[PDB]
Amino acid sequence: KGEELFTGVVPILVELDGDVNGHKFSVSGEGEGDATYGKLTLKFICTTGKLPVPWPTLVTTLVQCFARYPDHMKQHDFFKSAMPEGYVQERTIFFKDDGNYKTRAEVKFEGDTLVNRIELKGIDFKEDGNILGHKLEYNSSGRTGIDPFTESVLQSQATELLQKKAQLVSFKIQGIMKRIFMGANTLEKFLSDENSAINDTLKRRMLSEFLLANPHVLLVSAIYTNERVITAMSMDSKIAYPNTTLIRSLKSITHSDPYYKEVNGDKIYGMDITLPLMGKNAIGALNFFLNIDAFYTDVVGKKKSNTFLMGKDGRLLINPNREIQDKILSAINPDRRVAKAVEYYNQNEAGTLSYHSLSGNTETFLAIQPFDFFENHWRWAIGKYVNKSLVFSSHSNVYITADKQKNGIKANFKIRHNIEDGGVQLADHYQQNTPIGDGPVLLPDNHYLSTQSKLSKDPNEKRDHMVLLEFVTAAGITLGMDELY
């Protein structure tokens, strides 16, 4: 019921009202979540001026409702269950040898927006100490609480997953293209030389069917060299038969370089694939225009995603950002490491690589999956990429446990903040979540939530601010008493 509210991208708003040692301040946040992937993209601004505390101290306080719960564990999800009315989330954060935060928040829906209103009160802080003195670092470093084996598992998983998703897109593209070429061959067999057996009217019906069976094709023409051309074209839902006009040397399948075709007032990106009708080996040729733009949803999906389709020389055939379509990768991105992707492509070998992204000043991890769309001329490649600095950052964990007396959940965990020039500042978290409203909620079995966070800055934001990117995922030993926990 609440899971249903987290099916697409959800707009996030967060308002924090804070007072630490008498220093009052306010933080406003905006962004979006996708629980399908556990992705959180957030920007926070301090509206009162300078923030009196380090930004890292307020991350756990500033939405576990966007945690990715594997389908087998979607019954242990209280955060989404409490939606749409919401949940109260109170914490006490003890900074060792310093003050403590007391937070009370309300995470609820206001229309399509998931809101997080927070009241925070801090006391007993040292004015010269790591918090009020701003001596904590912006992001985590060092091996303090990182299990190498655990991180090995998770990293290997991430890399395999990225590689697999690229493979799965390729297969889907190949499926679509296989059918086109299979049908094109059949057309070739009938249109070859069925003099009388096939009258032009019957030929046209075969051409229209080809288009109907393969919506990724815009038009198809049989060019006979009774020099003539029977052409069919797909206008919206409707097959029309335009009267084009005008081979010989052709003796093998060929395709044009991709280009834009003007149909109506739209420019459609595609390519012309011409197949000879020979006969006695050149009776004519069959040509069709492959609508590459018709693959947008097949490559990128219904929601924007980090997927691209790439051709000869690293040319972007499909991309979420339409502005870089038809542009070469190495000509758009200065980072010369991108050339590894064209190299993978040219060697018809799948593989990963790292490069700097123009969009976002982030290190990007990219999986390239080359594939032949017909059995380097007939070769494309899928690209799946992700924020490298996020995906291979350390995981912090919270052991979620049910509190029956309060129809809710509880959790205790330790955040370790890096101190300037050496050492760790402990922040001992105590949490209790209670639903808003007396409706049925899912009290879960014990399980873990695992978070990767990366802090950054908006180069164009003049005010005191934090950009927060996170992955949040749920894991548990729930169907496996076979290990004897």
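Don't overthink the numbering: it's just position in the shown sequence, from 1.
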| query | finding |
| --- | --- |
| Interval residue 123-residue 124, deposited residues with no coordinates in the entry (none, 1 to 3, 4 to 9, 10 or more) | none |
| Extent of unmodelled deposited sequence, residue 63 relative to residue 62 | 1 to 3 |
| Given 355-363 and 115-123, the range whose Cα B-factors average higher in the PDB entry | 355-363 |
| Greater mean Cα temperature factor according to the PDB record, 237-245 or 302-310 | 237-245 |
| Highest-ranked of 76, 102, 251, 165 once sorted by CA temperature factor in the record | 251 |
| Residue selected from 192, 387, 157, 221 by maximal Cα B factor | 192 |
| Ranked C-alpha temperature factor of residue 85 among modelled chain residues, by third | lowest |
| Relative C-alpha B-factor of residue 469, binned into the chain's lowest, middle or highest third | lowest |
| Position of residue 477 among the chain's modelled residues by C-alpha B-factor, lowest, middle or highest third | highest |
| B-factor third for the C-alpha atom of residue 296 within its chain | lowest |
| Modelled-residue ranking by C-alpha temperature factor, third containing residue 51 | middle |
